[PDB]
Amino acid sequence: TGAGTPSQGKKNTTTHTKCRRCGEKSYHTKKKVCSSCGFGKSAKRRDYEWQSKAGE
Amino acid sequence: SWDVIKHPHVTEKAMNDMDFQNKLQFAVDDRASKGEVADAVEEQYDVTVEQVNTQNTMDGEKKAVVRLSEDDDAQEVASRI
Amino acid sequence: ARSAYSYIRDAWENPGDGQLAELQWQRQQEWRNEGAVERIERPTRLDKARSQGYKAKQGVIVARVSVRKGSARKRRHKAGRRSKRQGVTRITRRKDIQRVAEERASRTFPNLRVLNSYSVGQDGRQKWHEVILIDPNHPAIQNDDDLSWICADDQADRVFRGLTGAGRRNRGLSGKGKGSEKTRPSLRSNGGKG
Amino acid sequence: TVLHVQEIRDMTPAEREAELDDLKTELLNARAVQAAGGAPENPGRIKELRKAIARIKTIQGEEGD
Amino acid sequence: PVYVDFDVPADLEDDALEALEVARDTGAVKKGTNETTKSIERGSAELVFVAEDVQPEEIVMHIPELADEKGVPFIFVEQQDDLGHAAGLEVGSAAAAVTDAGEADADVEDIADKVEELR
Amino acid sequence: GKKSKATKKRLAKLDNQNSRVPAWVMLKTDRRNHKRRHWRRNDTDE
RNA sequence: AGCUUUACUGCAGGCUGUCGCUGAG
RNA sequence: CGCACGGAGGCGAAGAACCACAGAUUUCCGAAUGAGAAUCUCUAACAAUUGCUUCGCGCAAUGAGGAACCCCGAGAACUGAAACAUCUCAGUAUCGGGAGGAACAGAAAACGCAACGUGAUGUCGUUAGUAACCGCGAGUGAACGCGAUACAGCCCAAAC
Ligand SMILES: [Cl-]
Ligand SMILES: [Cl-]
Ligand SMILES: [K+]
Ligand SMILES: [Mg+2]
Ligand SMILES: [Mg+2]
Ligand SMILES: [Mg+2]
Ligand SMILES: [Mg+2]
Ligand SMILES: [Mg+2]
Ligand SMILES: [Mg+2]
Ligand SMILES: [Mg+2]
Ligand SMILES: [Mg+2]
Ligand SMILES: [Mg+2]
Ligand SMILES: [Mg+2]
Ligand code: NA
Ligand code: NA
Ligand code: NA
Ligand code: NA
Ligand code: NA
Ligand code: NA
Ligand code: NA
Ligand code: NA
Ligand code: NA
Ligand code: NA
Ligand code: NA
Ligand code: NA
């Protein structure tokens with residue numbers, strides 16, 4: 001079985017979904033945590049300094 | 001403060017339920033229950049509501065098919081508006 | 001003449017001899033079985049408390065905080081590290097246990113602000129410090145000419161910014177002359193070299 | 001227009017509610033006639049009906065009902 | 001407990017407190033560990049009372065030894081608020097002293113005598 | 001799949017955004033829906 | 001770069017003495 | 001009668017549009033706080049942690065956001081040394097916690113042009129690539145003082 005095209009067929013599971021807090025389709029409905037804003041994990045908003053160049 | 005009845009849902013299939021089953025169809029606020037839809041309809045047009053079926057439309061609005069008692073006449077209630 | 005307080009203080013100059021000694025050998029037994037933060041109605045070391053700002057009044061709280069002894073509880077490196085940074089065992093934290101206690105306490109009382117703290121002994125594996133906190137919203141305090149200063153907005157979370165007494169000392173701000181080139185006015189302003 | 005602010009303030013707390021429920025109806029009936037695609041509309045008024053209701057609710061709050 | 005080396009019979013504690021109440025209305029009394037302490041040090045103390053339910057014990061530990069090396073007699077009282085009440089305070093008191101008794105010198109004198117014998 | 005009521009309101013909305021630029025907006029602006037989406041070709045969130 | 005070892009240097013970990021907790025005869 | 005110049009219609013001398021200030025309204029999710037949930041739902045709610053306390057959530061506090069700046073903690077490696085380990089990159093990147101309109105600092109157990117002298121603290125110019133560090137290699141690197149900016153000095157603990 002190729003890891004390529006043939007393994008694409010079983011992909012019918014729903015994970016990331018429209019997030020209730022930020023509106024991004026990053027809410028993992030199985031994890032109940034947003035990969036974008038962090039809703040479900042952190043009260044504060046997910047944000048990192050590495051999302052931009054150091055001097056900016 | 002939201003209202004229960006938005007407006008009459010007039011369409012061919014809406015007309016049939018009216019001319020043939022004494023039913024009026026409305027576009028009601030989607031937070032409204034059959035019971036709330038019943039009252040409102042009664043107090044608004046002054047009729048006796050026997051049964052109310054709802055449905056959440058692909059238009060983001062809730063459609064309610066209201067059936068009036070044999071004492072009231074759909075065609076007539078509708079004609080006045 | 002000597003004040004009553006002086007005796008309490010004189011007793012703690014040597015917490016291992018005399019009555020105080022026997023007292024401790026007992027109290028710790030119960031402390032050990034208490035939590036991380038235990039509010040207490042009266043300061044164990046009255047002189048010290050009063051000395052640091054304590055007052056038998058409303059809005060003035062006291063709590064004993066327990067913190068472990070020893071170096072930093074550190075995880076060994078999981079990636080490339082030159083021999084200098086491969087350390088684990090001998091590394092120690094830059095915040096003394098007393099400042100750690102002051103923080104753990106203040107977090108237990110989100111509305112209060114840390115006024116000061118003092119040591120109350122330690123056994124073989126832990127150290128206890130009593131922290132004096134203050135309710136910045138109680139009028140009994142907003143009207144106290146000797147404490148209403150702690151109510152100002154800029155005194156919010158003062159412990160987490162090292163504005164406490166043990167905080168400033170630990171930041172190496174004690175000396176006003178030699179040795180404080182890299183410490184005053186701020187560690188971070190001096191490029192973290194202090 | 002047809003309903004000015006003065007006229008609304010002259011009304012009694014019971015007359016405002018009266019005018020309110022009255023208006024709402026002229027509105028609901030207007031929407032229905034539009035729901036039927038009824039051309040005998042007058043778009044400038046279904047618009048007015050909304051503002052009138054707004055003005056009245058606004059005065060009710062002001063007047064303490 | 002740490003600063004208590006002898007138990008005073010309930011009855012004795014009753015007489016003593018009694019004597020204290022009359023000491024406030026006749027002669028003079030000092031209310032509070034600091035004020036008490038100074039009497040013992042200034043000598044102006046005939047009989048000093050120390051509560052047994054004090055926590056921290058630090059606050060009072062010194063009274064006994066101090067008193068001894070000052071001849072000032074001292075007695076124990078179970079309840080803290082009982083000594084405070086006798087002394088005439090709404091609040092309780094860790095310790096108080098009879099600064100010059102009054103129409104109690106007889107009894108007080110005996111209490112002191114009763115305690116010494118009680119070792 | 002079983003859609004919830006909110007999921008529906010959204011799907012609903014997405015469907016309406018999928019209409020053309022009314023004939024009159026053309027004349028009114030003296031002369032393109034950049035958010036047109038095909039069911040098959042494109043892909044909605046969720 | 002991955003891997004090896006009686007390559008160089010270090011870091012965990014294990015064993016062991018000592019100090020503190022820690023006291024009576 | 002928004003961008004937006006159509007069609008129909010409407011509003012304005014009862015002074016509209018438009019602008020300034022103040023106010024009304026302000027769905028649901030959201031720190032999100034009655035409980036649960038991909039923005040919906042189930043049967044009165046400061047959830048949770050605190051202070052005060054009429055010990056009753058009765059009165060209050062915290063939470064989260066913000067362009068960076070600020071403070072307290074955790075803390076690399078590429079690289080430089082023409083290899084490399086101390087050193088260097090660098091207390092940088094990145095991470096944890098938190099304040100304000102600015103922060104921090106601050107009225108000497110100072111300085112030590114050693115004096116018959118200076119006089120809280122930041123900061124700017126200089127002192128100076130000086131002193132000091134360093135496989136004494138490569139590199140690293142102040143301060144007192146001075147000229148300026150701005151100026152401000154006080155409160156407890158205890159004795160009684
Ligand atoms: Cl704090
Ligand atoms: Cl000088
Ligand atoms: K290196
Ligand atoms: Mg693969
Ligand atoms: Mg159904
Ligand atoms: Mg600064
Ligand atoms: Mg369609
Ligand atoms: Mg290699
Ligand atoms: Mg909830
Ligand atoms: Mg190199
Ligand atoms: Mg070399
Ligand atoms: Mg350096
Ligand atoms: Mg110097
Ligand atoms: Na509709
Ligand atoms: Na706090
Ligand atoms: Na340093
Ligand atoms: Na699709
Ligand atoms: Na390899
Ligand atoms: Na608004
Ligand atoms: Na609150
Ligand atoms: Na309460
Ligand atoms: Na090189
Ligand atoms: Na190399
Ligand atoms: Na070196
Ligand atoms: Na000079």
# chains A, B, ... in the order shown; residues from 1 in each chain; ligands from 1
$ residues_near_ligand --ligand "ligand 19" --cutoff "12 Å" --atoms "only C-alpha atoms (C1' of nucleotides) and all ligand atoms" --output "list in words"
residues 23, 24, 25 and 26 of chain H
$ write_last_selection --atoms "N, CA and C atoms (P, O5', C5', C4', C3', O3' and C1' of nucleotides)" --output "PDB file, in the first residue's frame"
ATOM      1  P     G H  23     -22.082  60.009  28.986  1.00  0.00           P
ATOM      2  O5'   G H  23     -23.520  59.518  28.492  1.00  0.00           O
ATOM      3  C5'   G H  23     -24.683  59.812  29.279  1.00  0.00           C
ATOM      4  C4'   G H  23     -25.965  59.581  28.505  1.00  0.00           C
ATOM      5  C3'   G H  23     -26.340  58.178  28.071  1.00  0.00           C
ATOM      6  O3'   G H  23     -26.782  57.365  29.151  1.00  0.00           O
ATOM      7  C1'   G H  23     -27.001  59.741  26.423  1.00  0.00           C
ATOM      8  P     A H  24     -26.934  55.776  28.937  1.00  0.00           P
ATOM      9  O5'   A H  24     -28.059  55.640  27.817  1.00  0.00           O
ATOM     10  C5'   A H  24     -29.428  55.938  28.117  1.00  0.00           C
ATOM     11  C4'   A H  24     -30.332  55.394  27.043  1.00  0.00           C
ATOM     12  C3'   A H  24     -30.107  53.942  26.671  1.00  0.00           C
ATOM     13  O3'   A H  24     -30.722  53.052  27.587  1.00  0.00           O
ATOM     14  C1'   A H  24     -30.289  55.220  24.706  1.00  0.00           C
ATOM     15  P     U H  25     -30.009  51.655  27.926  1.00  0.00           P
ATOM     16  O5'   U H  25     -30.211  50.809  26.590  1.00  0.00           O
ATOM     17  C5'   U H  25     -31.510  50.698  25.990  1.00  0.00           C
ATOM     18  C4'   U H  25     -31.408  50.229  24.553  1.00  0.00           C
ATOM     19  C3'   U H  25     -30.581  48.990  24.258  1.00  0.00           C
ATOM     20  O3'   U H  25     -31.256  47.790  24.575  1.00  0.00           O
ATOM     21  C1'   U H  25     -30.152  50.618  22.617  1.00  0.00           C
ATOM     22  P     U H  26     -30.488  46.651  25.394  1.00  0.00           P
ATOM     23  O5'   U H  26     -29.273  46.255  24.440  1.00  0.00           O
ATOM     24  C5'   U H  26     -29.502  45.865  23.069  1.00  0.00           C
ATOM     25  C4'   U H  26     -28.198  45.831  22.307  1.00  0.00           C
ATOM     26  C3'   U H  26     -27.087  45.024  22.952  1.00  0.00           C
ATOM     27  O3'   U H  26     -27.220  43.643  22.657  1.00  0.00           O
ATOM     28  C1'   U H  26     -26.234  47.119  22.272  1.00  0.00           C
TER      29        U H  26
END
$ residues_near_ligand --ligand "ligand 11" --cutoff "12 Å" --atoms "only C-alpha atoms (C1' of nucleotides) and all ligand atoms" --output "list in words"
residues 80, 81, 82, 83, 84, 87, 135, 137, 138 and 139 of chain H
$ residues_near_ligand --ligand "ligand 9" --cutoff "9 Å" --atoms "only C-alpha atoms (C1' of nucleotides) and all ligand atoms" --output "number ranges by chain"
H: 32-37, 47
$ write_last_selection --atoms "N, CA and C atoms (P, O5', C5', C4', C3', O3' and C1' of nucleotides)" --output "PDB file, in the first residue's frame"
ATOM      1  P     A H  32     -11.433  31.761  31.853  1.00  0.00           P
ATOM      2  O5'   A H  32     -12.970  32.175  31.858  1.00  0.00           O
ATOM      3  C5'   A H  32     -13.873  31.757  30.817  1.00  0.00           C
ATOM      4  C4'   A H  32     -15.265  32.239  31.138  1.00  0.00           C
ATOM      5  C3'   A H  32     -16.398  31.688  30.275  1.00  0.00           C
ATOM      6  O3'   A H  32     -17.572  31.559  31.076  1.00  0.00           O
ATOM      7  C1'   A H  32     -16.433  34.027  30.203  1.00  0.00           C
ATOM      8  P     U H  33     -17.771  30.281  32.028  1.00  0.00           P
ATOM      9  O5'   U H  33     -17.980  30.948  33.458  1.00  0.00           O
ATOM     10  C5'   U H  33     -18.599  30.240  34.554  1.00  0.00           C
ATOM     11  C4'   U H  33     -19.031  31.222  35.626  1.00  0.00           C
ATOM     12  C3'   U H  33     -19.971  32.323  35.147  1.00  0.00           C
ATOM     13  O3'   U H  33     -20.801  32.760  36.223  1.00  0.00           O
ATOM     14  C1'   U H  33     -17.936  33.288  35.855  1.00  0.00           C
ATOM     15  P     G H  34     -22.381  32.447  36.203  1.00  0.00           P
ATOM     16  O5'   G H  34     -22.471  30.916  36.618  1.00  0.00           O
ATOM     17  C5'   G H  34     -22.252  30.511  37.975  1.00  0.00           C
ATOM     18  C4'   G H  34     -22.943  29.202  38.218  1.00  0.00           C
ATOM     19  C3'   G H  34     -22.489  28.111  37.271  1.00  0.00           C
ATOM     20  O3'   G H  34     -21.364  27.452  37.817  1.00  0.00           O
ATOM     21  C1'   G H  34     -24.832  28.274  37.192  1.00  0.00           C
ATOM     22  P     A H  35     -20.266  26.810  36.843  1.00  0.00           P
ATOM     23  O5'   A H  35     -21.029  25.616  36.113  1.00  0.00           O
ATOM     24  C5'   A H  35     -21.413  24.432  36.836  1.00  0.00           C
ATOM     25  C4'   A H  35     -22.151  23.480  35.930  1.00  0.00           C
ATOM     26  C3'   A H  35     -21.475  23.222  34.604  1.00  0.00           C
ATOM     27  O3'   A H  35     -20.412  22.288  34.723  1.00  0.00           O
ATOM     28  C1'   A H  35     -23.754  23.666  34.222  1.00  0.00           C
ATOM     29  P     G H  36     -19.121  22.445  33.785  1.00  0.00           P
ATOM     30  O5'   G H  36     -19.644  22.008  32.349  1.00  0.00           O
ATOM     31  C5'   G H  36     -19.858  20.630  32.072  1.00  0.00           C
ATOM     32  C4'   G H  36     -20.741  20.466  30.873  1.00  0.00           C
ATOM     33  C3'   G H  36     -20.192  20.891  29.529  1.00  0.00           C
ATOM     34  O3'   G H  36     -19.305  19.939  28.981  1.00  0.00           O
ATOM     35  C1'   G H  36     -22.410  21.626  29.720  1.00  0.00           C
ATOM     36  P     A H  37     -18.141  20.429  27.988  1.00  0.00           P
ATOM     37  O5'   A H  37     -18.908  20.938  26.686  1.00  0.00           O
ATOM     38  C5'   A H  37     -19.356  20.000  25.702  1.00  0.00           C
ATOM     39  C4'   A H  37     -20.057  20.707  24.574  1.00  0.00           C
ATOM     40  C3'   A H  37     -19.213  21.574  23.662  1.00  0.00           C
ATOM     41  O3'   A H  37     -18.573  20.757  22.686  1.00  0.00           O
ATOM     42  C1'   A H  37     -21.183  22.727  24.253  1.00  0.00           C
ATOM     43  P     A H  47     -20.358  31.933  42.086  1.00  0.00           P
ATOM     44  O5'   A H  47     -19.536  30.716  41.476  1.00  0.00           O
ATOM     45  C5'   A H  47     -20.190  29.627  40.809  1.00  0.00           C
ATOM     46  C4'   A H  47     -19.180  28.848  40.018  1.00  0.00           C
ATOM     47  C3'   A H  47     -17.869  28.673  40.753  1.00  0.00           C
ATOM     48  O3'   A H  47     -17.911  27.536  41.583  1.00  0.00           O
ATOM     49  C1'   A H  47     -17.439  29.544  38.613  1.00  0.00           C
TER      50        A H  47
END
$ atom_distance --atom1 "CA of residue 71 in chain B" --atom2 "CA of residue 54 in chain B"
22.6 Å
$ residues_near_ligand --ligand "ligand 3" --cutoff "10 Å" --atoms "only C-alpha atoms (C1' of nucleotides) and all ligand atoms" --output "ChimeraX atom specification"
/C:80-85 /H:76-80,84-85,87-89
$ residues_around --residues "residue 192 in chain C" --least-positions-apart "3" --cutoff "7 Å" --atoms "only C-alpha atoms (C1' of nucleotides)" --output "ChimeraX atom specification"
/C:187-188 /H:91
$ interface_residues --of "chain C" --to "chain G" --cutoff "7 Å" --atoms "only C-alpha atoms (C1' of nucleotides)" --output "VMD selection string"
chain C and resid 83 86 to 87 123 to 124
$ interface_residues --of "chain H" --to "chain C" --cutoff "9 Å" --atoms "only C-alpha atoms (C1' of nucleotides)" --output "JSON, numbers by chain"
{"H": [49, 50, 51, 52, 60, 61, 62, 71, 72, 73, 76, 77, 85, 86, 91, 97, 98, 99, 100, 104, 105, 108, 110, 111, 121, 122, 142, 143, 155, 156, 157, 158, 159]}
$ write_last_selection --atoms "C-alpha atoms (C1' of nucleotides)" --output "PDB file, in the first residue's frame"
ATOM      1  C1'   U H  49      -9.264  31.831  44.733  1.00  0.00           C
ATOM      2  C1'   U H  50      -9.419  35.565  48.369  1.00  0.00           C
ATOM      3  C1'   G H  51     -10.361  39.934  52.035  1.00  0.00           C
ATOM      4  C1'   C H  52     -14.236  42.102  55.100  1.00  0.00           C
ATOM      5  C1'   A H  60     -15.486  44.037  47.588  1.00  0.00           C
ATOM      6  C1'   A H  61     -10.932  42.017  44.932  1.00  0.00           C
ATOM      7  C1'   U H  62      -8.455  38.809  41.002  1.00  0.00           C
ATOM      8  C1'   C H  71      10.037  44.896  35.783  1.00  0.00           C
ATOM      9  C1'   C H  72      10.863  39.838  37.970  1.00  0.00           C
ATOM     10  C1'   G H  73      12.240  34.775  36.663  1.00  0.00           C
ATOM     11  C1'   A H  76      20.142  27.908  23.687  1.00  0.00           C
ATOM     12  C1'   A H  77      22.763  27.091  19.359  1.00  0.00           C
ATOM     13  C1'   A H  85      36.681  22.318  25.300  1.00  0.00           C
ATOM     14  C1'   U H  86      37.245  27.827  28.923  1.00  0.00           C
ATOM     15  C1'   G H  91      22.267  36.796  29.573  1.00  0.00           C
ATOM     16  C1'   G H  97       5.080  35.504  35.649  1.00  0.00           C
ATOM     17  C1'   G H  98       3.410  40.578  36.085  1.00  0.00           C
ATOM     18  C1'   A H  99       2.845  46.655  36.331  1.00  0.00           C
ATOM     19  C1'   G H 100       2.077  51.562  34.134  1.00  0.00           C
ATOM     20  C1'   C H 104      12.401  50.476  37.722  1.00  0.00           C
ATOM     21  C1'   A H 105      15.361  53.456  40.860  1.00  0.00           C
ATOM     22  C1'   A H 108      24.085  56.614  52.038  1.00  0.00           C
ATOM     23  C1'   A H 110      27.502  56.180  49.847  1.00  0.00           C
ATOM     24  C1'   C H 111      31.871  58.281  47.740  1.00  0.00           C
ATOM     25  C1'   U H 121      17.921  58.539  42.081  1.00  0.00           C
ATOM     26  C1'   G H 122      17.552  58.034  36.891  1.00  0.00           C
ATOM     27  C1'   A H 142      33.217  49.217  34.124  1.00  0.00           C
ATOM     28  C1'   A H 143      33.437  52.951  38.085  1.00  0.00           C
ATOM     29  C1'   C H 155       7.045  57.467  57.026  1.00  0.00           C
ATOM     30  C1'   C H 156       7.344  53.323  60.572  1.00  0.00           C
ATOM     31  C1'   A H 157       9.576  49.572  64.295  1.00  0.00           C
ATOM     32  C1'   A H 158      11.249  50.676  69.579  1.00  0.00           C
ATOM     33  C1'   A H 159      12.135  53.825  74.002  1.00  0.00           C
TER      34        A H 159
END
$ atom_distance --atom1 "CA of residue 42 in chain C" --atom2 "CA of residue 96 in chain C"
24.9 Å
$ residues_around --residues "residue 60 in chain E" --least-positions-apart "4" --cutoff "10 Å" --atoms "only C-alpha atoms (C1' of nucleotides)" --output "ChimeraX atom specification"
/C:4-5,7-8 /E:3,33-34,37,50-52,54-56,64,94-95
$ write_last_selection --atoms "N, CA, C and O atoms" --output "CSV table (one decimal), in the first residue's frame"
chain,number,residue,atom,x,y,z
C,4,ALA,N,8.5,44.1,75.7
C,4,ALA,CA,8.1,42.7,75.7
C,4,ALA,C,8.7,42.1,74.4
C,4,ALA,O,9.3,41.0,74.4
C,5,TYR,N,8.4,42.8,73.3
C,5,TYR,CA,8.9,42.4,72.0
C,5,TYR,C,10.3,41.9,72.0
C,5,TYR,O,10.6,40.8,71.6
C,7,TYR,N,12.1,40.5,73.9
C,7,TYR,CA,12.3,39.1,74.3
C,7,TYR,C,12.0,38.1,73.2
C,7,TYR,O,12.6,37.1,73.2
C,8,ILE,N,11.0,38.4,72.4
C,8,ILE,CA,10.6,37.5,71.4
C,8,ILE,C,11.7,37.5,70.4
C,8,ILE,O,12.1,36.4,69.9
E,3,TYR,N,6.3,27.1,79.1
E,3,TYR,CA,6.6,28.1,80.1
E,3,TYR,C,5.7,27.9,81.4
E,3,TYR,O,5.7,28.8,82.2
E,33,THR,N,0.9,42.2,77.7
E,33,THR,CA,2.2,41.6,77.9
E,33,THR,C,3.3,42.6,78.0
E,33,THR,O,4.3,42.5,78.8
E,34,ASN,N,3.3,43.6,77.1
E,34,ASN,CA,4.3,44.7,77.1
E,34,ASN,C,4.2,45.4,78.5
E,34,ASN,O,5.2,45.4,79.2
E,37,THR,N,5.3,43.2,81.3
E,37,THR,CA,6.7,43.1,81.3
E,37,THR,C,7.5,44.3,81.9
E,37,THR,O,8.3,44.1,82.8
E,50,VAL,N,-0.4,35.3,84.0
E,50,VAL,CA,0.0,34.9,82.6
E,50,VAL,C,-1.0,33.8,82.1
E,50,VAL,O,-1.2,32.8,82.8
E,51,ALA,N,-1.6,34.1,81.0
E,51,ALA,CA,-2.6,33.1,80.4
E,51,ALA,C,-1.8,31.9,79.9
E,51,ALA,O,-0.6,32.0,79.6
E,52,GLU,N,-2.5,30.8,79.9
E,52,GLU,CA,-1.8,29.5,79.4
E,52,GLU,C,-2.2,29.2,78.0
E,52,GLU,O,-1.5,28.4,77.3
E,54,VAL,N,-1.9,30.8,75.2
E,54,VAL,CA,-1.3,31.8,74.3
E,54,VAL,C,-0.6,31.1,73.2
E,54,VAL,O,0.1,30.1,73.4
E,55,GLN,N,-0.8,31.6,72.0
E,55,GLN,CA,-0.2,31.1,70.8
E,55,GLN,C,0.0,32.3,69.9
E,55,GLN,O,-0.9,33.0,69.5
E,56,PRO,N,1.3,32.6,69.5
E,56,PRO,CA,2.5,31.9,69.8
E,56,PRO,C,2.9,32.0,71.3
E,56,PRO,O,2.7,33.0,71.9
E,64,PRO,N,7.9,34.0,83.3
E,64,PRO,CA,8.4,33.2,84.4
E,64,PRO,C,9.8,33.5,84.8
E,64,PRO,O,10.0,34.1,85.9
E,94,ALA,N,-3.2,38.4,77.1
E,94,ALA,CA,-2.2,37.4,77.3
E,94,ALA,C,-1.6,37.4,78.7
E,94,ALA,O,-1.2,36.4,79.2
E,95,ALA,N,-1.5,38.6,79.3
E,95,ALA,CA,-0.9,38.7,80.6
E,95,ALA,C,-1.2,40.1,81.2
E,95,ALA,O,-1.4,41.1,80.4
$ residues_near_ligand --ligand "ligand 25" --cutoff "7 Å" --atoms "only C-alpha atoms (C1' of nucleotides) and all ligand atoms" --output "ChimeraX atom specification"
/H:113,145-146
$ write_last_selection --atoms "N, CA, C and O atoms (P, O5', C5', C4', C3', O3' and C1' of nucleotides)" --output "PDB file, in the first residue's frame"
ATOM      1  P     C H 113      40.695  58.937  46.057  1.00  0.00           P
ATOM      2  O5'   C H 113      40.580  60.515  45.921  1.00  0.00           O
ATOM      3  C5'   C H 113      39.698  61.103  44.968  1.00  0.00           C
ATOM      4  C4'   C H 113      40.500  61.850  43.942  1.00  0.00           C
ATOM      5  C3'   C H 113      41.113  63.157  44.394  1.00  0.00           C
ATOM      6  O3'   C H 113      42.313  62.917  45.126  1.00  0.00           O
ATOM      7  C1'   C H 113      40.105  63.441  42.281  1.00  0.00           C
ATOM      8  P     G H 145      30.935  60.458  42.202  1.00  0.00           P
ATOM      9  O5'   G H 145      32.111  61.234  41.462  1.00  0.00           O
ATOM     10  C5'   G H 145      33.226  61.778  42.193  1.00  0.00           C
ATOM     11  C4'   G H 145      34.124  62.549  41.260  1.00  0.00           C
ATOM     12  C3'   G H 145      33.423  63.618  40.445  1.00  0.00           C
ATOM     13  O3'   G H 145      33.293  64.822  41.170  1.00  0.00           O
ATOM     14  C1'   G H 145      34.762  62.324  39.014  1.00  0.00           C
ATOM     15  P     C H 146      32.145  65.866  40.769  1.00  0.00           P
ATOM     16  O5'   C H 146      32.533  66.309  39.288  1.00  0.00           O
ATOM     17  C5'   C H 146      33.750  67.021  39.015  1.00  0.00           C
ATOM     18  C4'   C H 146      33.881  67.266  37.533  1.00  0.00           C
ATOM     19  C3'   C H 146      32.667  67.891  36.878  1.00  0.00           C
ATOM     20  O3'   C H 146      32.663  69.288  37.038  1.00  0.00           O
ATOM     21  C1'   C H 146      33.365  66.054  35.587  1.00  0.00           C
TER      22        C H 146
END
$ residues_around --residues "range 36-53 of chain D" --least-positions-apart "3" --cutoff "8 Å" --atoms "only C-alpha atoms (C1' of nucleotides)" --output "NGL selection string"
(:B and (10-11)) or (:D and (1 or 3 or 20 or 23-24 or 26-27 or 30-33 or 56-57)) or (:H and (9-10))
$ select_by_dssp --residues "range 19-110 of chain E" --states "strand (DSSP E or B)" --output "mmCIF file with C-alpha atoms, in the first residue's frame"
data_model
loop_
_atom_site.group_PDB
_atom_site.id
_atom_site.type_symbol
_atom_site.label_atom_id
_atom_site.label_comp_id
_atom_site.auth_asym_id
_atom_site.auth_seq_id
_atom_site.Cartn_x
_atom_site.Cartn_y
_atom_site.Cartn_z
ATOM 1 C CA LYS E 30 -1.570 46.671 83.941
ATOM 2 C CA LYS E 31 -3.185 44.990 80.920
ATOM 3 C CA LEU E 47 1.403 39.922 91.290
ATOM 4 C CA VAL E 48 1.488 39.172 87.557
ATOM 5 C CA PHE E 49 -0.963 36.955 85.680
ATOM 6 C CA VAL E 50 -0.048 34.881 82.635
ATOM 7 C CA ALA E 51 -2.552 33.114 80.404
ATOM 8 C CA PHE E 74 3.270 35.263 89.085
ATOM 9 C CA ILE E 75 0.259 33.014 88.562
ATOM 10 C CA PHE E 76 -1.271 31.120 85.623
ATOM 11 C CA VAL E 77 -4.777 31.427 84.168
ATOM 12 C CA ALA E 95 -0.947 38.708 80.596
ATOM 13 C CA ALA E 96 -1.635 41.406 83.157
ATOM 14 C CA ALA E 97 -0.140 42.595 86.403
ATOM 15 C CA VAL E 98 -1.429 44.071 89.627
#
$ residues_around --residues "residue 109 in chain E" --least-positions-apart "6" --cutoff "12 Å" --atoms "only C-alpha atoms (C1' of nucleotides)" --output "NGL selection string"
:E and (15-16 or 19 or 46-47 or 72-74 or 98 or 100-103 or 115-116)
$ write_last_selection --atoms "N, CA and C atoms" --output "short mmCIF file (atom, residue, chain, number, x, y, z; two decimals), in the first residue's frame"
data_model
loop_
_atom_site.label_atom_id
_atom_site.label_comp_id
_atom_site.auth_asym_id
_atom_site.auth_seq_id
_atom_site.Cartn_x
_atom_site.Cartn_y
_atom_site.Cartn_z
N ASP E 15 -9.98 32.59 92.84
CA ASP E 15 -9.68 33.60 93.84
C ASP E 15 -8.84 34.69 93.20
N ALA E 16 -7.75 34.27 92.56
CA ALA E 16 -6.83 35.18 91.88
C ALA E 16 -7.54 36.16 90.96
N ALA E 19 -9.54 38.58 92.89
CA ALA E 19 -8.61 39.58 93.42
C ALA E 19 -8.21 40.60 92.37
N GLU E 46 3.30 43.58 91.92
CA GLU E 46 3.07 42.79 93.13
C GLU E 46 2.68 41.36 92.76
N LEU E 47 1.81 41.23 91.77
CA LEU E 47 1.40 39.92 91.29
C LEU E 47 1.09 40.02 89.80
N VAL E 72 9.22 39.25 91.72
CA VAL E 72 7.81 39.44 91.42
C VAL E 72 7.09 38.10 91.29
N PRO E 73 6.01 37.92 92.05
CA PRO E 73 5.23 36.67 92.02
C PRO E 73 4.34 36.61 90.78
N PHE E 74 4.12 35.41 90.26
CA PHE E 74 3.27 35.26 89.09
C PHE E 74 2.38 34.03 89.18
N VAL E 98 -0.81 43.23 88.62
CA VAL E 98 -1.43 44.07 89.63
C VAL E 98 -0.40 45.09 90.10
N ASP E 100 0.39 47.54 92.25
CA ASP E 100 -0.10 48.07 93.52
C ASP E 100 -1.58 47.70 93.70
N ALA E 101 -1.80 46.55 94.34
CA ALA E 101 -3.14 46.00 94.60
C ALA E 101 -4.12 47.01 95.16
N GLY E 102 -4.72 46.68 96.30
CA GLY E 102 -5.67 47.57 96.92
C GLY E 102 -6.85 46.78 97.44
N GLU E 103 -7.07 46.84 98.75
CA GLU E 103 -8.17 46.10 99.36
C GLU E 103 -8.22 44.70 98.81
N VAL E 115 0.77 30.07 95.85
CA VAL E 115 1.50 29.64 94.66
C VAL E 115 2.92 29.18 94.99
N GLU E 116 3.63 29.95 95.82
CA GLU E 116 4.98 29.58 96.20
C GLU E 116 4.98 28.18 96.80
#
$ select_by_dssp --residues "range 21-53 of chain D" --states "helix (DSSP H, G or I)" --output "list in words"
residues 21, 22, 23, 24, 25, 26, 27, 28, 29, 30, 31, 32, 33, 34, 35, 43, 44, 45, 46, 47, 48, 49, 50, 51, 52 and 53 of chain D
